[PDB]
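Right, one structure below, let's go through it.
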Amino acid sequence: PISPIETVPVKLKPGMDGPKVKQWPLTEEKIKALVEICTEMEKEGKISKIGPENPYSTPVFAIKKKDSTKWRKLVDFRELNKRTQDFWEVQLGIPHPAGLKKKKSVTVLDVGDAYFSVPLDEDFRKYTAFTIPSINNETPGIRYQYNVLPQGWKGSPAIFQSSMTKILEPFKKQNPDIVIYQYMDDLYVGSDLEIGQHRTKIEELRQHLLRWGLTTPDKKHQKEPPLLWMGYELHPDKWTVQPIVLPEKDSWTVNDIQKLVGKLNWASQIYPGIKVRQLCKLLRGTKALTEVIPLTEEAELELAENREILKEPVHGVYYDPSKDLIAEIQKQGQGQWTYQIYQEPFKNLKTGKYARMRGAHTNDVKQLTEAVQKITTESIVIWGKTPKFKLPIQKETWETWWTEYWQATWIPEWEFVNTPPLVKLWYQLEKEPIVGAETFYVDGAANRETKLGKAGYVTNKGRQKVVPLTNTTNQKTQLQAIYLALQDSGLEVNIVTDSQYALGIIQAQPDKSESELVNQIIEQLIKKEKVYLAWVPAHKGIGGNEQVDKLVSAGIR
Amino acid sequence: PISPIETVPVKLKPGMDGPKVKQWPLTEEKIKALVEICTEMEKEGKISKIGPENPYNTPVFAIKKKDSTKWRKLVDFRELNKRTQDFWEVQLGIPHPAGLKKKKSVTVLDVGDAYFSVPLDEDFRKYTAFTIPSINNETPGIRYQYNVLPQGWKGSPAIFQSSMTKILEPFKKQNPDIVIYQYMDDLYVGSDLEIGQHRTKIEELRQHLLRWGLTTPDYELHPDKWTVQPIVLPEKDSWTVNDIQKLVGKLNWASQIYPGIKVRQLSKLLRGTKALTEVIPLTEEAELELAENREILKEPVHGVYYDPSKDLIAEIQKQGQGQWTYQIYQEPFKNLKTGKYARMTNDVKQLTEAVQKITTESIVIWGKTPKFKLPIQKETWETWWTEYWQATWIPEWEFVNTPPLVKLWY
Ligand SMILES: Cc1ccnc(SC(F)(F)c2nc3ccccc3o2)n1
Ligand SMILES: [Ca+2]
């Protein structure tokens, strides 16, 4: 059929005329297949013969596609597509199953010949003209245009979806209790009706769709109990991911490890605790694609613990809008966090992991707050509300960091839960200079031509030291100069730097860095009992900084 | 007398196309409020459902008119504004008056409801398309475009401007000293009257607007009380090596801005290589220096002026204890205005309040909103900002993650 629905008006882009691309000569077999296909389409009204007056043509061909030994008609709409207006959206988001609510029954109805069932605008039909060529293009071809949405045309996906939405609206208004999800060609239909009353409601939906020209040639409401969709298995009362045979191999190419990591990342939305950092380490510096990478020991631990998690099937439950969502987060390694979302303890709607990347230098309190933000955004999308959090951080740890830190934050309601390891702050800088602690005026310079450097200090106690440095830079020499002071000082120390950069780094209390010098510095800060770090401007002739500037720069620059 | 008035032709900027900005996800209660607001607007003819042949999109949000009062829809026309406003603000600009900021009192009155009286040019309508999304992507998204001038669009006051002039004329003739400025959906109304007569005059002016499609419109700013005197030098300043060292950092920073700051005499005194906790055996040519520096930090910055051809930018720092500092400049550290915002909880909530207050000041002073450098993670700002937003405009913003000891100087 062809739907009686009103057409969507379509246009070409500003100042563009339609396509006029010459038909190429085809083999005799392909001509004959096309003649037969177009005869059938024309009888159904899909297509209409037209005159040689209509200028405009787009090439057509045929092949054996999805093994089509009956033969399939293909139209190369590249030129028309370049010339056609942009349409809404296209599709820009799919549901997550953990957002659905439990149903008694769901059925899928596949709409037969979906695009060919929807009328095309008509003022636009002329631009879809095509020609079945003569043998050797010796004589004039048989010309047609489309009356319906064509298979490879730019507007077919959105016009189809728009038409389906309009067609479903009166049915949904009469049946406010039935849920319908439209995905390409398919319709998923869920209700809370008994098996027999559901079956009748489906037959009603099929007769309503028939009235609007859409057949569901799937008689008696087809597809079988566990539905496969977008890498999930859906049941009316639970969901999971679809497979995940992890191979049993001694040799793993880069291709196999990439594939494995994708499957593990995918399973991790319902299998709690999945881990891929060590498998991920193996992918450092792409060694090709067919190259075998031996599994490191930490990688071997990881794959073992993953197989163990994938041992027995695990399903998520669906969402009950009467209840709060609870999200729990655990620190699960080094870059790594893992979370679970549930409404009744232990029955996860879903799970996930977060492996933060936000800066070269961070700490656990920052990273946890980031995981919490990611989870917050996720919940809004999936359930349209925020969850209550359970976090492995004491309230006093969190509020001391955030009230003292220079960036704004806020997070939903949350409670402490004791699931080690707990997030803490591994050292704290003093607020005021330390009475009786030695003061180290540190300074670094590099040349920039030679990359020759120096880093040292002068102390209120007259102590002094410079060390040579080699393939370094200004920023590195400031850091090394602070590290040198920490190495040579006792348990309490005041450090006076003229580096904003260093101070900026150290003030944020990192516990982790992508700079090795910085991680060295952090280890020292953790051993200290007290450190006050202060800043002064370079070359102001400030006492102390004056002097170290003079010995770190006699060599340097 | 019950049919349409005539449309002003609107062009998008030369060679540009309409906006195609992603709708953000919304909470369930916000979605429900918008669907109800939009069913009503559509029943009144203000907006119409559109089909897939419109590929444009502008984000929409729900906020409160006050505290859990009623919901209001807020359309984020920032992109359509840019695409209409290399060429508007020039074809149909509203001049900004320099006497506004000199008034004892300025009231802000929302006049946006008036715009819905005027038909939007049929050919521009598609560019105002927006979407009410569904939760979990379960359902495509409700799509509409406007038939009338929309509230957050800079073309609306530009176009309504001839009507506003006529509406306001008898009132401005009767009160020649009242300054009235229109920005976006609001009027800013300044006078030097005592506070009770100021209010009686605003009530009068409300009666005028009422006859023309506004329903009892609306505050109180006191911009003649808006202050300089920021950067502050301590009084127990000259006691420790550390105090004096912090002092010199604050002055070095300040000499980037203000001509004439010194510090020479202060650095002497730091003379040796001393314990940070030591108290000091001078303060004399240093006390004089410190006093003169303090005198210059009271006064405006000698060589910095507003350039109407340039963006304003605002920086804000979290000071702690519910205090926030900010600066507005067009060229980094040539400050045109500095100030403070304080409560005495949240952080994101205080921050969105600071932003709205700074933007309002900026509109009063320059007729422009600033682009903000906000001290917050983007995602966190994006999740939470509409919870506390109550204004009808939205400034540009960027997110800033670094904060030199700029915090300390301020
Ligand atoms: C499978 C299931 C479980 C609970 N409620 C539903 S409602 C629905 F069937 F329409 C529906 N089918 C869908 C398929 C993918 C995405 C959303 C769906 O909603 N569906
Ligand atoms: Ca240095």
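Naming works like this for the structure tokens: A, B, ... for the chains as they're shown, residue 1 at the start of each chain, ligands 1 onward in shown order.
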
With a distance cut-off of 10 Å and only C-alpha atoms, select the neighbouring residues of residue 265 of chain A, excluding the residue or stretch itself and same-chain residues fewer than 2 positions from it, and output the selection as a list in words.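 Close residues of residue 265 of chain A: residues 259, 260, 261, 262, 263, 267, 268, 269, 271, 274, 275, 276, 352 and 353 of chain A.
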
I need the chosen residues saved as a short mmCIF file (atom, residue, chain, number, x, y, z; two decimals), in the first residue's frame, with C-alpha atoms.
```
data_model
loop_
_atom_site.label_atom_id
_atom_site.label_comp_id
_atom_site.auth_asym_id
_atom_site.auth_seq_id
_atom_site.Cartn_x
_atom_site.Cartn_y
_atom_site.Cartn_z
CA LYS A 259 37.78 -6.26 20.00
CA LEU A 260 37.99 -7.78 23.49
CA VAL A 261 38.17 -4.33 25.15
CA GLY A 262 35.06 -3.18 23.13
CA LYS A 263 33.12 -6.23 24.34
CA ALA A 267 29.34 -5.66 29.15
CA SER A 268 30.34 -3.23 31.84
CA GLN A 269 26.91 -1.48 31.66
CA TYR A 271 28.31 -6.73 34.76
CA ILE A 274 34.56 -5.08 34.73
CA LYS A 275 38.14 -3.83 34.26
CA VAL A 276 40.14 -2.96 31.16
CA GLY A 352 29.16 1.31 34.69
CA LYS A 353 32.77 2.44 35.13
#
```

Compute the set of chain A residues within 8 Å of chain B, using only C-alpha atoms, and express it as a ChimeraX atom specification. /A:8-10,85-89,93-96,99,158-159,162,181-182,373-374,377,380-385,403-404,406-410,433-435,438-439,441,458-460,494,500,504,535-537,540-545,547

Output the neighbourhood of ligand 1 as an mmCIF file with N, CA and C atoms, in the first residue's frame, that is, all protein and nucleic acid residues with some atom at most 8 Å from the ligand, counting only C-alpha atoms and all ligand atoms.
```
data_model
loop_
_atom_site.group_PDB
_atom_site.id
_atom_site.type_symbol
_atom_site.label_atom_id
_atom_site.label_comp_id
_atom_site.auth_asym_id
_atom_site.auth_seq_id
_atom_site.Cartn_x
_atom_site.Cartn_y
_atom_site.Cartn_z
ATOM 1 N N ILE A 94 19.281 6.965 21.404
ATOM 2 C CA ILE A 94 18.441 5.817 21.629
ATOM 3 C C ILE A 94 18.176 5.608 23.114
ATOM 4 N N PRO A 95 17.087 4.951 23.428
ATOM 5 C CA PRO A 95 16.825 4.756 24.873
ATOM 6 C C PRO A 95 17.848 3.815 25.459
ATOM 7 N N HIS A 96 18.009 3.869 26.758
ATOM 8 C CA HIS A 96 18.690 2.791 27.422
ATOM 9 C C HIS A 96 17.637 1.917 28.072
ATOM 10 N N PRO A 97 17.795 0.594 27.997
ATOM 11 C CA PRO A 97 16.820 -0.327 28.531
ATOM 12 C C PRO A 97 16.552 -0.125 30.000
ATOM 13 N N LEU A 100 13.412 1.807 30.918
ATOM 14 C CA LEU A 100 12.057 1.294 30.671
ATOM 15 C C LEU A 100 11.421 0.819 31.977
ATOM 16 N N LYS A 101 10.096 0.741 32.021
ATOM 17 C CA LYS A 101 9.401 0.198 33.133
ATOM 18 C C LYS A 101 8.939 -1.220 32.776
ATOM 19 N N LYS A 102 8.878 -2.107 33.773
ATOM 20 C CA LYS A 102 8.458 -3.492 33.575
ATOM 21 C C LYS A 102 7.079 -3.633 32.875
ATOM 22 N N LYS A 103 6.974 -4.577 31.935
ATOM 23 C CA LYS A 103 5.707 -4.798 31.241
ATOM 24 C C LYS A 103 5.300 -6.265 31.394
ATOM 25 N N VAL A 106 5.524 -7.670 25.451
ATOM 26 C CA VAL A 106 5.991 -6.747 24.437
ATOM 27 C C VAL A 106 6.009 -7.528 23.162
ATOM 28 N N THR A 107 5.707 -6.857 22.065
ATOM 29 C CA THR A 107 5.800 -7.523 20.758
ATOM 30 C C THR A 107 6.438 -6.555 19.783
ATOM 31 N N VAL A 108 7.119 -7.096 18.774
ATOM 32 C CA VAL A 108 7.711 -6.249 17.736
ATOM 33 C C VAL A 108 6.926 -6.471 16.461
ATOM 34 N N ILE A 178 -0.611 1.939 26.504
ATOM 35 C CA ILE A 178 0.275 1.144 25.689
ATOM 36 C C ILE A 178 1.498 2.012 25.347
ATOM 37 N N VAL A 179 2.657 1.373 25.369
ATOM 38 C CA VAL A 179 3.898 2.060 25.107
ATOM 39 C C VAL A 179 4.355 1.626 23.748
ATOM 40 N N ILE A 180 4.716 2.584 22.905
ATOM 41 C CA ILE A 180 5.237 2.231 21.621
ATOM 42 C C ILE A 180 6.569 2.893 21.319
ATOM 43 N N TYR A 181 7.540 2.107 20.888
ATOM 44 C CA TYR A 181 8.830 2.649 20.506
ATOM 45 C C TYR A 181 9.120 2.340 19.049
ATOM 46 N N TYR A 183 11.597 2.299 15.926
ATOM 47 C CA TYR A 183 13.030 2.196 15.642
ATOM 48 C C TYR A 183 13.194 1.766 14.184
ATOM 49 N N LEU A 187 8.360 -1.554 15.226
ATOM 50 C CA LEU A 187 7.614 -0.942 16.274
ATOM 51 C C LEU A 187 7.674 -1.928 17.422
ATOM 52 N N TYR A 188 8.045 -1.466 18.613
ATOM 53 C CA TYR A 188 8.018 -2.342 19.798
ATOM 54 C C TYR A 188 6.827 -1.924 20.550
ATOM 55 N N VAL A 189 6.063 -2.873 21.090
ATOM 56 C CA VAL A 189 4.807 -2.461 21.709
ATOM 57 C C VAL A 189 4.704 -3.165 23.080
ATOM 58 N N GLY A 190 4.562 -2.386 24.149
ATOM 59 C CA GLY A 190 4.497 -3.011 25.472
ATOM 60 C C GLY A 190 3.235 -2.660 26.211
ATOM 61 N N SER A 191 2.648 -3.627 26.928
ATOM 62 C CA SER A 191 1.500 -3.315 27.784
ATOM 63 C C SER A 191 1.539 -4.082 29.103
ATOM 64 N N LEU A 227 13.926 -10.289 22.718
ATOM 65 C CA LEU A 227 14.102 -9.428 21.559
ATOM 66 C C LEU A 227 15.515 -8.902 21.521
ATOM 67 N N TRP A 229 18.082 -6.136 20.195
ATOM 68 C CA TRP A 229 18.079 -4.766 19.751
ATOM 69 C C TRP A 229 19.320 -3.982 20.147
ATOM 70 N N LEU A 234 16.152 -8.065 25.257
ATOM 71 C CA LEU A 234 15.067 -7.488 26.019
ATOM 72 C C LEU A 234 13.974 -8.488 26.295
ATOM 73 N N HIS A 235 13.559 -8.570 27.576
ATOM 74 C CA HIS A 235 12.422 -9.349 28.017
ATOM 75 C C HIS A 235 11.461 -8.333 28.568
ATOM 76 N N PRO A 236 10.203 -8.718 28.707
ATOM 77 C CA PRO A 236 9.315 -7.696 29.333
ATOM 78 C C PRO A 236 9.662 -7.340 30.807
ATOM 79 N N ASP A 237 10.450 -8.177 31.489
ATOM 80 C CA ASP A 237 10.676 -7.926 32.929
ATOM 81 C C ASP A 237 12.161 -7.799 33.313
ATOM 82 N N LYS A 238 13.077 -7.897 32.338
ATOM 83 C CA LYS A 238 14.491 -7.735 32.586
ATOM 84 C C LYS A 238 15.196 -7.557 31.234
ATOM 85 N N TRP A 239 16.477 -7.170 31.269
ATOM 86 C CA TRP A 239 17.257 -6.861 30.065
ATOM 87 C C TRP A 239 18.671 -7.330 30.289
ATOM 88 N N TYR A 318 14.082 -3.335 35.479
ATOM 89 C CA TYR A 318 13.524 -2.115 35.034
ATOM 90 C C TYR A 318 13.181 -1.143 36.150
ATOM 91 N N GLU B 138 12.697 8.064 24.260
ATOM 92 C CA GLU B 138 11.663 7.046 24.010
ATOM 93 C C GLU B 138 10.664 7.402 22.868
#
```

Grab me every residue within 7 Å of ligand 2, counting only C-alpha atoms and all ligand atoms, and send it over as a VMD selection string. chain A and resid 443 to 445 478 497 to 499 538

Test item: residues at most 12 Å from residue 112 of chain A, only C-alpha atoms, excluding those fewer than 4 positions along its chain, as an MDAnalysis selection string: chainID A and resid 1:2 116:118 184:187 206 209:210 213:219

Could you state the separation of atom CA of residue 89 of chain B and atom CA of residue 124 of chain B in Å, given to one decimal place? 17.3 Å

Could you give me, as an MDAnalysis selection string, the residues within 10 Å of segment 2-19 of chain B, counting only C-alpha atoms and dropping anything in the same chain fewer than 4 positions from it? chainID B and resid 55:59 77:88 117:129 148 155 159:160

Kindly export the residues of the current selection with C-alpha atoms, as an mmCIF file, in the first residue's frame.
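Listed below is the output, result.cif:
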```cif
data_model
loop_
_atom_site.group_PDB
_atom_site.id
_atom_site.type_symbol
_atom_site.label_atom_id
_atom_site.label_comp_id
_atom_site.auth_asym_id
_atom_site.auth_seq_id
_atom_site.Cartn_x
_atom_site.Cartn_y
_atom_site.Cartn_z
ATOM 1 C CA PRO B 55 16.188 21.147 10.293
ATOM 2 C CA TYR B 56 16.767 24.121 12.747
ATOM 3 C CA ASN B 57 16.931 23.925 16.518
ATOM 4 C CA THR B 58 17.430 26.197 19.474
ATOM 5 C CA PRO B 59 17.585 24.807 23.096
ATOM 6 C CA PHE B 77 18.550 32.158 21.381
ATOM 7 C CA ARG B 78 22.233 32.812 21.885
ATOM 8 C CA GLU B 79 23.093 31.209 18.536
ATOM 9 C CA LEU B 80 20.202 32.766 16.554
ATOM 10 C CA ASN B 81 21.170 36.103 18.188
ATOM 11 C CA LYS B 82 24.718 35.864 16.827
ATOM 12 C CA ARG B 83 23.449 34.871 13.388
ATOM 13 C CA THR B 84 21.067 37.836 13.276
ATOM 14 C CA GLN B 85 23.363 40.337 15.106
ATOM 15 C CA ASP B 86 26.464 41.081 13.070
ATOM 16 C CA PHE B 87 23.641 42.751 10.963
ATOM 17 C CA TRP B 88 21.124 43.663 13.664
ATOM 18 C CA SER B 117 1.165 40.839 20.044
ATOM 19 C CA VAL B 118 3.282 41.159 16.851
ATOM 20 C CA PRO B 119 3.375 38.582 13.918
ATOM 21 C CA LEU B 120 6.836 37.209 12.959
ATOM 22 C CA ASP B 121 7.831 37.392 9.281
ATOM 23 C CA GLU B 122 6.645 34.094 7.721
ATOM 24 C CA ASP B 123 9.956 33.394 6.027
ATOM 25 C CA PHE B 124 12.052 33.874 9.213
ATOM 26 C CA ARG B 125 9.769 31.629 11.344
ATOM 27 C CA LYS B 126 11.540 28.350 10.595
ATOM 28 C CA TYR B 127 14.701 29.679 12.293
ATOM 29 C CA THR B 128 12.944 29.812 15.650
ATOM 30 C CA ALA B 129 12.356 26.014 15.769
ATOM 31 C CA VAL B 148 5.088 35.859 16.840
ATOM 32 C CA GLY B 155 15.201 40.895 16.842
ATOM 33 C CA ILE B 159 11.180 45.185 15.742
ATOM 34 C CA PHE B 160 8.872 46.221 18.573
#
```

For atom CA of residue 188 of chain B and atom CA of residue 93 of chain B, the interatomic separation in Å (one decimal):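 Separation of atom CA of residue 188 of chain B and atom CA of residue 93 of chain B: 16.4 Å.
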
As an exercise, work out the distance from atom CA of residue 359 of chain B to atom CA of residue 115 of chain B in Å and give it to one decimal place.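 Rounded to one decimal, the two atoms are 22.5 Å apart.
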
Env of residue 257 of chain B: 8 Å cut, atoms = only C-alpha atoms, seq-sep filter 2 positions within chain, self excluded. Answer as a list in words.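 My list of contacting residues is residues 253, 254, 255, 259, 301, 333, 334 and 335 of chain B.
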
Once DSSP has gone over the backbone, tell me which residues of segment 385-523 of chain A are in helix (DSSP H, G or I), as a PyMOL selection string. chain A and resi 395-404+474-488+500-507+516-523
